Structure formats: structure tokens, C-alpha cells
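Down below is the structure, laid out as C-alpha cells.
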Amino acid sequence: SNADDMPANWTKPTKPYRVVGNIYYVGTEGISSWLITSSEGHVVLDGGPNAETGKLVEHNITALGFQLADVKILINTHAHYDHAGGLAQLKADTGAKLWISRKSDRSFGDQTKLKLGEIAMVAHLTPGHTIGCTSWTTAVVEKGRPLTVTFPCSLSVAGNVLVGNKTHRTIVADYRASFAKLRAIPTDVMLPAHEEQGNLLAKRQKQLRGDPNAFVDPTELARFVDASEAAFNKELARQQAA
Ligand SMILES: [Cl-]
Ligand SMILES: [Cl-]
Ligand SMILES: [Mg+2]
Ligand code: NI
Ligand SMILES: [Zn+2]
Ligand SMILES: [Zn+2]
Ligand SMILES: [Zn+2]
């Protein structure tokens, strides 16, 4: 069965940086983690694949000039190890409250609003890969220009049973509804959970060369959903033939 070897870049350090507005990238080369800041405290979304990368996230937060003690809320895209594995370490070292859609401190439902000072975020449940998959949205202002931001879950089909799933019986219908929900979200800035899903490394280089809108592409979430759904369709067709 699945050997769960980790691609090398999932645990490879990369320099943290400001993306847009009050959103900062603090993850690894391959696995995203995001710091969203306010004068009343910060949110961290995802923690990388293990306790060691959770420590790396901590040090990226403080390398950007912020205080770890000011992290107040931890959130998640989906609760598998590659995105959630570092959250327990961050929880222990920050005393922050861990939000997880229904060890967690608060459950939440679809359209839940998270507010912390200037931070306003909205959870959009996007079940499929797991029943708890959560995509997050927010908005920022960058050089006086308003921008909408979406943190989609991974839209993965890795290890999913799509025909005769006895656990998640509605899995195919959930995926298809989640695809539709994500398409219906206007999104100037898509910030995905894996580097290759957003070309984040190359965008960071564009930014260092002076591109002020390197992360802005209002068509990208539609293109990501379309690509994830094509891969979903292919895997579904394979499992149906077998
Ligand atoms: Cl996913
Ligand atoms: Cl994934
Ligand atoms: Mg827009
Ligand atoms: Ni389309
Ligand atoms: Zn997963
Ligand atoms: Zn992943
Ligand atoms: Zn998902």
C-alpha cells in the first residue's frame, strides 16, 4: 500500500517573504504555510509535514520580524500529515487556538467567518479528498489596490477510492460540488497548498526582479479547478473500468 515517501522539497527550507497585503509565505520549498498578520495577532494556515517543519515555520515567522507569541489562531486546508503534521508543534509553542472543521479547539461549518483585528477570513468547506477539506478566502489591499485571496485545499485524489467507497459514500458528489463551489469564488490571488500548484518559486523570483503583481492572476483558481477536475475524471474513469 502507499509507502508515503516524501518528495525532497517538502522539507527543504526556503526563505520567507511577504506575498500581498498582510499575507506572508513561511512554508518550505514544496509545502505552503501562510502567516496573516494584524495588530491584534496573527493567523497561521498549515504547518508542513512534521514537527521539524513546524519549527521551521516558527523560525520563518520570527525571521520576518514577528513574534511567535502573537500567533493566535491555527487553521488548516486538510488534516493529513503533509499539511497538518507541523500544527501540533506550532500549537504547543504558540498557545494558539487550532480551528478544524467538524486535537482541535474549535469546530466550524461552511461560510464561517474568522476575525482577528484587521483579519477577516471565510471558510468554504470543500470535501472530497477528505470530509474536512477547507478552502479559505480573504481580501487585502496592495499599493492601494484591492485584491481577493483564496487558499484552496489541494483537490487531491491520492489514495481515494471513488467507486464503492464504503466510508465516504457520497465522495464523487462531494468532489463535484466542491469543484463548483471553488469556481464560484472570484479570486485575484490564488495561494495553493503545494508549490507546483501555483508556481510559487518562480513567482517569488518574478517578485525579486521587481514585478509588483507577480502573485496576481484572477484566472488561476478557475484553471486550477479545471485541471484538478480533469485529473479527478481520469482517476474516476480508471476506477470505473477496473
Ligand atoms: Cl485535498
Ligand atoms: Cl495533497
Ligand atoms: Mg478582483
Ligand atoms: Ni473552466
Ligand atoms: Zn491528503
Ligand atoms: Zn498535500
Ligand atoms: Zn481537499
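Every residue, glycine among them, receives a Cβ derived from its backbone with ideal geometry; neighbour counts consider all protein chains shown. The numbers here are math on the coordinates, done by the rules we state, and not lab data.
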Which one of 40, 29, 52, 58 is surrounded by fewer than 17 Cβ atoms within 10 Å (Cβ to Cβ) and in contact with a helix residue (DSSP H, G or I) (Cβ under 6 Å, 6 or more places away or on another chain)?
29
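Anything in region 61-79 that is of a type in the set (S, T, N, Q) and either surrounded by fewer than 19 Cβ atoms within 10 Å (Cβ to Cβ) or over 16 Å from residue 99 (Cα atoms) (or both)? List them, or say none.
Filtering region 61-79 down to residues of a type in the set (S, T, N, Q) leaves 62, 67, 76-77.
Listed by number, the residues that qualify are 62, 67.
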Inside region 77-95, the number of residues satisfying the requirement of being of a type in the set (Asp, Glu) and either within 16 Å of ligand 4 (Cβ to nearest atom) or within 12 Å of the chain's Cα centre (by Cα) (or both) is 1
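When only residues in region 139-166 that are among the aliphatic types (A, V, I, L, M) and more than 17 Å from residue 198 (Cβ to Cβ) count, which is farthest from the chain's Cα centre (by Cα)?
As a first pass, look at region 139-166 and keep what is among the aliphatic types (A, V, I, L, M): 139-141, 147, 149, 155, 157-158, 161-163.
Then keep just the ones that are more than 17 Å from residue 198 (Cβ to Cβ); that gives 139, 141, 157-158, 161-163.
Details: 139: 15, 141: 20, 157: 16, 158: 17, 161: 23, 162: 23, 163: 27 Å.
Checked region 139-166; the qualifying residue farthest from the chain's Cα centre (by Cα) is 163.
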What residue, among those in region 216-237 that are small (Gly, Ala, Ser) and under 18 Å from the mean Cα position of the chain (by Cα), is nearest to residue 148 (Cα to Cα)?
222
